[PDB]
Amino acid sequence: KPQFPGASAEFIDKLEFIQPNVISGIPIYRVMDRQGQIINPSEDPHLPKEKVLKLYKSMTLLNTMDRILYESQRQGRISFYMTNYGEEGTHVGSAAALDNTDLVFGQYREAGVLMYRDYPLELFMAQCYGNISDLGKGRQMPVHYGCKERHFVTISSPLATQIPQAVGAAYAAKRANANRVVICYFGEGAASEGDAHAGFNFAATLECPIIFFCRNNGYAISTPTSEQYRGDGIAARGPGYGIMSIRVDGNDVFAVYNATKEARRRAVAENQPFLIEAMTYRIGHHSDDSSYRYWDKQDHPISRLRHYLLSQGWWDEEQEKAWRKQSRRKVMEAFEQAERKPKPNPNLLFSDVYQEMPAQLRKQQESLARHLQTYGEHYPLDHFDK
């Protein structure tokens, strides 16, 4: 019997290399087909009508906002934008399975989580426009959302940095014994970063209640997954870290919901991490003219959820028309209001660098004030607060 402390195993007397199983990888969990039909009754979550309608409306409201802000960027009204096309179901489905106070870390494609948590259209817009209503004070590029009230940690551009951070927040939650989980979203490209290896390993060895949620949409900007990794996607990496893992159909809100609900339940009870890899397809551009490269007319999360609603008698064409009209109205009202607000006071460029403001930093702020007194006509002072 092998006595090595590093592993638990039997001896083998024949030389055999372990081959990866990639052609036949971890199967994709599915609950409803492309026609919105429940495939296996025992897996139907039987979510109440009001909640399913909220899943639907959240993801179509997000889609309406995406269309409008995407165009706004094209016109140079906002400096940058990233859509959520094809990611709507992974976000609303997983957000619906969380408790309102579960802390969320993510990056660029999680707006739907905030939408499900009722983040105001006015605040999505304030951040993209960097106006006076932005609690982020206009400091970050557009779509770098954050909400303390809705436990959505501020997004940052450096990929994967939020992964080991989410693990630390989960360790602290374990200690506070508040029966809270942390969920951390990231794409399959970001999973190649060293920080992903750091977070996955720490979560397992430090026994943290965290759900790692990987959105695998086949591309990281122009890079196909064939150039991103050679194993069986990201799901197959979880067991190597001792992490309970699963792969789901990301265009199926119910598959996503069921996997997330069960992961949250076990993660909080057992203080162990879970990895969910949601297979999807980035329908829209990365940010970038996508056309280095079907999922809109044959396999779209919104379309599948809509068919499900119809089969239950929960939606119809007139309701569809009225909602498209109402959501467009709601989004355009927030948009116009956002465009008209002034930007924050230029002095806000100096606060929050440290909690307090160092004297030498105050001197730089005074320096600017003096500069503007004399050269102000050469600056856009009328567009900024005070």
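Residues carry their position along the shown sequence, with the first being 1. By rigid core we mean the largest C-alpha set that fits within 1.5 Å across both forms.
K.L.:
What stretch shows more C-alpha movement in 6 other deposited structures of this protein relative to this form, 22 to 30 or 347 to 355, after the core is superposed?
P.N.:
Farther from the shown form on average in 6 other deposited structures of this protein: 22 to 30.
K.L.:
Check this for me: in at least a third of the other entries compared, is residue 250 absent while its neighbours are modelled?
P.N.:
Result for residue 250: never missing in the compared entries.
K.L.:
Go through the other compared entries with residues on either side of residue 227 and state whether a third or more give it no coordinates.
P.N.:
It is not, since residue 227 is included in all of the other entries that model both flanking stretches.
K.L.:
Please count the deposited residues lying between residue 287 and residue 288 that the model leaves without coordinates, and give the class: none, 1 to 3, 4 to 9, or 10 or more.
P.N.:
The entry has 1 to 3 unmodelled residues between residue 287 and residue 288.
K.L.:
Count up the deposited residues without coordinates from residue 291 to residue 292 and drop the result into none, 1 to 3, 4 to 9, or 10 or more.
P.N.:
Per the deposited record, the segment joining residue 291 and residue 292 lacks coordinates for 1 to 3 residues.
K.L.:
With respect to the recorded C-alpha B factors, which stretch has the higher mean value, 27 to 35 or 350 to 358?
P.N.:
Per the PDB entry, the higher value belongs to 27 to 35.
K.L.:
Higher average CA B factor in the deposited record is what I'm after, so tell me if that's 48 to 56 or 321 to 329.
P.N.:
Higher of the two, by average CA B-factor, is 321 to 329.
K.L.:
So among 264, 117, 247, 297, who wins on Cα B-factor in the entry?
P.N.:
Highest CA B-factor of the listed options: 297.
K.L.:
By the CA temperature factor listed in this entry, which of these ranks top: 274, 152, 186, 281?
P.N.:
That would be 281.
K.L.:
Sorting the chain's CA B-factors, does residue 113 end up in the lowest, middle or highest third?
P.N.:
Its C-alpha B-factor belongs to the lowest third of this chain's values.
K.L.:
Would you mind ranking residue 131 by its C-alpha B-factor against the rest of the chain and naming the third, lowest, middle or highest?
P.N.:
Middle third of the chain for residue 131's C-alpha B-factor.
K.L.:
Lowest, middle or highest third: where is residue 192 by C-alpha B factor in its chain?
P.N.:
Answer is lowest: the recorded C-alpha B-factor places it there.
K.L.:
Relative to the other modelled residues in the chain, which third contains the C-alpha temperature factor of residue 92: lowest, middle or highest?
P.N.:
Tercile = middle for this residue's CA B-factor.
K.L.:
Taking the entry's C-alpha B-factors for this chain, is residue 260 in the lowest, middle or highest third?
P.N.:
It belongs to the lowest third of the chain when residues are ordered by C-alpha B-factor.
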